[PDB]
>>> print(open('final_8.cif').read())   # mmCIF, N, CA, C and O atoms; unseen atoms left out
data_entry
#
loop_
_atom_site.group_PDB
_atom_site.id
_atom_site.type_symbol
_atom_site.label_atom_id
_atom_site.label_comp_id
_atom_site.auth_asym_id
_atom_site.auth_seq_id
_atom_site.Cartn_x
_atom_site.Cartn_y
_atom_site.Cartn_z
ATOM 1 N N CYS I 1 0.861 -1.217 0.000
ATOM 2 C CA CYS I 1 0.000 0.000 0.000
ATOM 3 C C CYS I 1 0.884 1.250 0.000
ATOM 4 O O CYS I 1 2.089 1.170 -0.135
ATOM 5 N N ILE I 2 0.294 2.403 0.152
ATOM 6 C CA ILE I 2 1.099 3.657 0.161
ATOM 7 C C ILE I 2 1.248 4.154 1.602
ATOM 8 O O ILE I 2 0.478 4.969 2.071
ATOM 9 N N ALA I 3 2.235 3.670 2.307
ATOM 10 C CA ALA I 3 2.433 4.113 3.716
ATOM 11 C C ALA I 3 3.421 5.282 3.753
ATOM 12 O O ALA I 3 3.893 5.674 4.802
ATOM 13 N N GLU I 4 3.739 5.841 2.617
ATOM 14 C CA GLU I 4 4.696 6.982 2.594
ATOM 15 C C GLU I 4 3.926 8.294 2.766
ATOM 16 O O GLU I 4 2.731 8.353 2.560
ATOM 17 N N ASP I 5 4.601 9.344 3.144
ATOM 18 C CA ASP I 5 3.905 10.648 3.329
ATOM 19 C C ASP I 5 3.697 11.312 1.966
ATOM 20 O O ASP I 5 4.604 11.397 1.162
ATOM 21 N N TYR I 6 2.509 11.782 1.699
ATOM 22 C CA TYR I 6 2.243 12.439 0.388
ATOM 23 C C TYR I 6 2.541 11.459 -0.748
ATOM 24 O O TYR I 6 2.683 11.844 -1.892
ATOM 25 N N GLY I 7 2.634 10.193 -0.444
ATOM 26 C CA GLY I 7 2.921 9.191 -1.510
ATOM 27 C C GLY I 7 1.896 9.339 -2.636
ATOM 28 O O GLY I 7 0.715 9.487 -2.396
ATOM 29 N N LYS I 8 2.337 9.301 -3.864
ATOM 30 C CA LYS I 8 1.381 9.440 -5.000
ATOM 31 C C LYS I 8 0.312 8.353 -4.899
ATOM 32 O O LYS I 8 0.572 7.252 -4.455
ATOM 33 N N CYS I 9 -0.892 8.650 -5.308
ATOM 34 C CA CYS I 9 -1.973 7.629 -5.233
ATOM 35 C C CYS I 9 -2.882 7.746 -6.455
ATOM 36 O O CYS I 9 -2.585 8.447 -7.402
ATOM 37 N N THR I 10 -3.991 7.062 -6.434
ATOM 38 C CA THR I 10 -4.932 7.123 -7.587
ATOM 39 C C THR I 10 -6.360 6.910 -7.081
ATOM 40 O O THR I 10 -6.610 6.069 -6.241
ATOM 41 N N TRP I 11 -7.297 7.666 -7.581
ATOM 42 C CA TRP I 11 -8.707 7.503 -7.125
ATOM 43 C C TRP I 11 -9.260 6.177 -7.650
ATOM 44 O O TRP I 11 -9.699 6.080 -8.778
ATOM 45 N N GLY I 12 -9.244 5.155 -6.839
ATOM 46 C CA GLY I 12 -9.770 3.836 -7.291
ATOM 47 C C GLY I 12 -8.610 2.848 -7.439
ATOM 48 O O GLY I 12 -8.811 1.674 -7.681
ATOM 49 N N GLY I 13 -7.398 3.312 -7.295
ATOM 50 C CA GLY I 13 -6.229 2.399 -7.428
ATOM 51 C C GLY I 13 -5.614 2.148 -6.049
ATOM 52 O O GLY I 13 -6.298 1.789 -5.110
ATOM 53 N N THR I 14 -4.329 2.335 -5.919
ATOM 54 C CA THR I 14 -3.673 2.108 -4.600
ATOM 55 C C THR I 14 -4.093 3.206 -3.620
ATOM 56 O O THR I 14 -3.772 4.364 -3.796
ATOM 57 N N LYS I 15 -4.809 2.850 -2.587
ATOM 58 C CA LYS I 15 -5.248 3.876 -1.597
ATOM 59 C C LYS I 15 -4.222 3.959 -0.464
ATOM 60 O O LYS I 15 -3.354 3.120 -0.333
ATOM 61 N N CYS I 16 -4.319 4.971 0.352
ATOM 62 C CA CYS I 16 -3.355 5.119 1.479
ATOM 63 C C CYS I 16 -3.625 4.039 2.529
ATOM 64 O O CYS I 16 -4.758 3.710 2.818
ATOM 65 N N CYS I 17 -2.593 3.483 3.103
ATOM 66 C CA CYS I 17 -2.793 2.425 4.132
ATOM 67 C C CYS I 17 -3.637 2.988 5.280
ATOM 68 O O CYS I 17 -3.576 4.162 5.583
ATOM 69 N N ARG I 18 -4.428 2.155 5.909
ATOM 70 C CA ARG I 18 -5.287 2.622 7.040
ATOM 71 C C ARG I 18 -6.576 3.243 6.495
ATOM 72 O O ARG I 18 -7.651 3.021 7.016
ATOM 73 N N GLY I 19 -6.480 4.019 5.454
ATOM 74 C CA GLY I 19 -7.701 4.652 4.879
ATOM 75 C C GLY I 19 -7.587 6.174 4.987
ATOM 76 O O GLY I 19 -8.357 6.816 5.671
ATOM 77 N N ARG I 20 -6.629 6.754 4.316
ATOM 78 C CA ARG I 20 -6.466 8.234 4.381
ATOM 79 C C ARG I 20 -6.930 8.858 3.059
ATOM 80 O O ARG I 20 -6.686 8.310 2.003
ATOM 81 N N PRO I 21 -7.586 9.988 3.155
ATOM 82 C CA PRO I 21 -8.092 10.704 1.970
ATOM 83 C C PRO I 21 -6.921 11.190 1.112
ATOM 84 O O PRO I 21 -5.909 11.630 1.620
ATOM 85 N N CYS I 22 -7.047 11.115 -0.185
ATOM 86 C CA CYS I 22 -5.935 11.576 -1.064
ATOM 87 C C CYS I 22 -6.270 12.963 -1.614
ATOM 88 O O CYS I 22 -7.318 13.178 -2.189
ATOM 89 N N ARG I 23 -5.385 13.906 -1.442
ATOM 90 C CA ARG I 23 -5.649 15.281 -1.952
ATOM 91 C C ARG I 23 -5.094 15.426 -3.371
ATOM 92 O O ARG I 23 -4.244 14.671 -3.798
ATOM 93 N N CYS I 24 -5.572 16.397 -4.102
ATOM 94 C CA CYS I 24 -5.079 16.600 -5.493
ATOM 95 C C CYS I 24 -4.691 18.068 -5.684
ATOM 96 O O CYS I 24 -4.780 18.866 -4.771
ATOM 97 N N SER I 25 -4.261 18.432 -6.861
ATOM 98 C CA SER I 25 -3.868 19.850 -7.105
ATOM 99 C C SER I 25 -5.049 20.610 -7.712
ATOM 100 O O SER I 25 -4.876 21.501 -8.521
ATOM 101 N N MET I 26 -6.248 20.264 -7.331
ATOM 102 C CA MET I 26 -7.441 20.966 -7.885
ATOM 103 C C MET I 26 -7.513 20.735 -9.397
ATOM 104 O O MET I 26 -8.270 21.380 -10.096
ATOM 105 N N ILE I 27 -6.734 19.821 -9.907
ATOM 106 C CA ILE I 27 -6.761 19.551 -11.373
ATOM 107 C C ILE I 27 -7.013 18.061 -11.617
ATOM 108 O O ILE I 27 -7.235 17.636 -12.733
ATOM 109 N N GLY I 28 -6.982 17.265 -10.583
ATOM 110 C CA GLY I 28 -7.222 15.805 -10.762
ATOM 111 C C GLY I 28 -6.041 15.183 -11.510
ATOM 112 O O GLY I 28 -6.210 14.517 -12.513
ATOM 113 N N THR I 29 -4.845 15.394 -11.032
ATOM 114 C CA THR I 29 -3.655 14.815 -11.716
ATOM 115 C C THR I 29 -2.728 14.176 -10.680
ATOM 116 O O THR I 29 -2.816 12.997 -10.396
ATOM 117 N N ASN I 30 -1.839 14.944 -10.113
ATOM 118 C CA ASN I 30 -0.906 14.381 -9.096
ATOM 119 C C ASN I 30 -1.553 14.459 -7.712
ATOM 120 O O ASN I 30 -1.404 15.434 -7.001
ATOM 121 N N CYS I 31 -2.269 13.441 -7.322
ATOM 122 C CA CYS I 31 -2.923 13.460 -5.984
ATOM 123 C C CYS I 31 -1.999 12.801 -4.958
ATOM 124 O O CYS I 31 -1.624 11.654 -5.093
ATOM 125 N N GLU I 32 -1.630 13.519 -3.933
ATOM 126 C CA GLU I 32 -0.731 12.934 -2.900
ATOM 127 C C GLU I 32 -1.549 12.556 -1.665
ATOM 128 O O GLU I 32 -2.521 13.203 -1.329
ATOM 129 N N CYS I 33 -1.164 11.510 -0.986
ATOM 130 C CA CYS I 33 -1.919 11.089 0.228
ATOM 131 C C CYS I 33 -1.594 12.037 1.383
ATOM 132 O O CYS I 33 -0.448 12.344 1.644
ATOM 133 N N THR I 34 -2.593 12.507 2.079
ATOM 134 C CA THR I 34 -2.335 13.433 3.216
ATOM 135 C C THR I 34 -2.570 12.691 4.539
ATOM 136 O O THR I 34 -3.595 12.063 4.715
ATOM 137 N N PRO I 35 -1.615 12.784 5.433
ATOM 138 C CA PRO I 35 -1.709 12.121 6.747
ATOM 139 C C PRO I 35 -2.903 12.671 7.532
#
>>> encode(input="final_8.cif", output="structure tokens")
Amino acid sequence: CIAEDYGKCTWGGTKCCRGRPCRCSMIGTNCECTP
């Protein structure tokens, strides 16, 4: 899973471990996982 900080993720693909919301750049491209 993505247990890294701000680790790149995908809406519907690899989600953040534990279940953390993934933020994006308001453009729906490089979404990083936020602790």
>>> resolve_selection(input="final_8.cif", expression="the PyMOL selection byres ((chain I and resi 8) around 5)", output="number ranges by chain")
I: 6-7, 9-10, 31-32
>>> residues_around(input="final_8.cif", residues="residue I:16", least_positions_apart="3", cutoff="6 Å", atoms="only C-alpha atoms", output="PyMOL selection string")
chain I and resi 2+19-20
>>> select_by_dssp(input="final_8.cif", residues="chain I", states="strand (DSSP E)", output="list in words")
residues 22, 23, 32 and 33 of chain I
>>> atom_distance(input="final_8.cif", atom1="atom CA of residue I:4", atom2="atom CA of residue I:35")
9.2 Å
>>> atom_distance(input="final_8.cif", atom1="atom N of residue I:25", atom2="atom N of residue I:1")
21.4 Å
>>> atom_distance(input="final_8.cif", atom1="atom N of residue I:28", atom2="atom CA of residue I:12")
14.1 Å
